[PDB]
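Below you'll find only one chain, the form deposited in one PDB entry, shown as structure tokens.
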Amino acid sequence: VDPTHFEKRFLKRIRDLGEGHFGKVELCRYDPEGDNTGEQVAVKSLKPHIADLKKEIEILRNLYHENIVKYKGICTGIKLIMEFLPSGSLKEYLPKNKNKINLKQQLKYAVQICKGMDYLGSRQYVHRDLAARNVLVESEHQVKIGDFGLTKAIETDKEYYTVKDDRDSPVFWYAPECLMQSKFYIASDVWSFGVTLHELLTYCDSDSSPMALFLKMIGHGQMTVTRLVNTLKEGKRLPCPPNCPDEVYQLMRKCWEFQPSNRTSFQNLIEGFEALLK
């Protein structure tokens, strides 16, 4: 018996957890005994791209870290089976738990995101989609990177992976090199982390989301990106979140050096946050 093989006959759908343009995540119970005592699992599938999900499955099957959602197996199109985190993403969790998640907890979540991302980069992968919606909450004390749908392998001795396609990109989390040349470096993930940190510090408030704040700064869906690149070239950046200490904001700003080669590393962020937590 292969513990990573989930038979369709016993994989029972319970309800939706979330959905995108092409992907879907559902809560299921894998219930071979048929009495509703089986383990609950999160199941990612595609809406009725298949090659992409097979690549994501193989990436996650080979990642093992406390701040990366656990791979459990497959159901064979194909479905990806993972552990289930009932608290969902930071985007759903933070607005409902502000009283519980103070600055000290926010900085510990920032450390955990950095550790999971640093592990990913050590494996020569660039995530390309780091945002609060992709950070899952295990508990009030732990977060995990929870999706790898856009993840690419950077070739050995190369510094970036080039992605040119017709798909909708999270442009308000993208570094200048991603917007201008579709080049993704590990440092491009650091830029996205700075935006995710801003979301975490604003408790994922929609009125002060990266998209809302950049749209206020820039003033059509087709001219948006050029005005965003120009704003970044001018040295403009997302403002300090409400009640965020300047020392935290300065670490966030080091994520957003214009050139990828000047940005902080994830390990330097971890050390900076650990110094503030002491």
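Just count from 1 along the sequence shown to find any residue number. For clarity, a rigid core is taken as the largest C-alpha set superposing within 1.5 Å between two forms.
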**Asked** Looking at the deposited sequence, how many residues between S122 and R123 were given no coordinates in the entry: none, 1 to 3, 4 to 9, or 10 or more?
**Response** none
**Item:** Absent coordinates between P48 and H49 - deposited residues affected, binned into four classes
**Value:** 4 to 9
**Asked** As stated in the PDB record, which stretch has the larger average Cα B-factor, 130-138 or 159-167?
**Response** 159-167
**Prompt:** Comparing 201-209 with 104-112, which stretch shows the greater average C-alpha B-factor in the deposited entry?
**Reply:** 201-209
**Prompt:** Looking at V248, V41, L228, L60, which has the highest Cα B-factor in the entry?
**Reply:** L228
**Request:** Go through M252, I218, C244, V69 one by one and give the residue whose Cα B-factor in the PDB entry is largest.
**Result:** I218
**Chain thirds of CA B-factor: placement of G146** = lowest
**Record-listed C-alpha B factor of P86: chain third** = middle
**Record-listed C-alpha B factor of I78: chain third** = highest
**Message:** For the chain shown, is the CA B-factor of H65 in the lowest, middle or highest third of its modelled residues?
**Reply:** lowest
**Chain thirds of CA B-factor: placement of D118** = lowest
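Missing here is the form deposited in another entry; even so, the following discussion is about that form.
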**Item:** Rigid-core fit between the shown form and the other one, the member of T37, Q250, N243, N62 whose C-alpha shifts 2 angstroms or more
**Value:** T37
**Request:** Please say whether, between the shown form and the other one, the C-alpha of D165 moves by 2 Å or more once the core is aligned.
**Result:** yes
